[PDB]
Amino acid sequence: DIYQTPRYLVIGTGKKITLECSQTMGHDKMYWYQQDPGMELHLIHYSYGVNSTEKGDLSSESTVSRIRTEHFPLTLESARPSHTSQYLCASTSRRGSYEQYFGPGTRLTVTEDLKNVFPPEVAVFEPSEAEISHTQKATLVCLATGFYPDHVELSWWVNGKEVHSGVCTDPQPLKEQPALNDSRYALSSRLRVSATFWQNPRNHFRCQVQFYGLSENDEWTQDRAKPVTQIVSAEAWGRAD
């Protein structure tokens, strides 16, 4: 198959970034695309094979290497805030209808200062009694607030398993201050269950938020907790009422 690492990256301005893309399918043609949230895909680099490197339709400060068939890494020599987006790697088969296969992508954010990086605060809000009385249903709300960058994955967990039915999370996070470039973010989510399911005290509800931040390699001189990759969580139990 086709692979990309890291899934997420937050880095300071001026530092070197390498994005890994590999595949063992024996494909010759490889691509690098760039895409901002809500925008169209822009081809940035392509490759015919083992020792080929051609520029895409959009100009970039990034270079690519193809010393081997298996590897097509992207290199950002000095990062700038404007490099912030999703980078997607692709390969096409030499056989059949020549299908194109996309890697899982790398979401990169270049911040001016690594002290702009904050993990989410996570809070769960219990179902309204008026909703229960009116609908025979109960909606829990989860809020993840004040996180930077927007490298976050929210999930609901009921009794230790992840739930997908009855859930809606915002497609994109809100900006706390839409005026700033390194503004912090807020995300909302909903889980709706039946009133009888909520009213059972044995039922346990947890909102989990996987945050992607600094690594053990990154330096931290500030007093606050280092904003590492972590899960910040909040929970609630079924109410007897």
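All residue numbers are counted from 1 along the displayed sequence.
Just going by the entry, 186-194 versus 39-47 on mean CA temperature factor gives the higher value to 39-47. Look at the C-alpha B-factors of 52-60 and of 26-34. On average they run higher in 52-60. The top Cα temperature factor in the record, among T139, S97, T135, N116, falls on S97. Split the chain's modelled residues into thirds by C-alpha temperature factor. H151 is in the lowest one. The entry lists a Cα temperature factor for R80 that places it in the highest third of the chain's modelled residues. Per the PDB record, residue ranking by Cα B-factor puts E162 in the middle third of the chain.
Sort the chain's modelled residues by C-alpha temperature factor and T221 lands in the middle third, per the entry.
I17 sits in the highest third of its chain by CA B factor, as recorded in the PDB entry.
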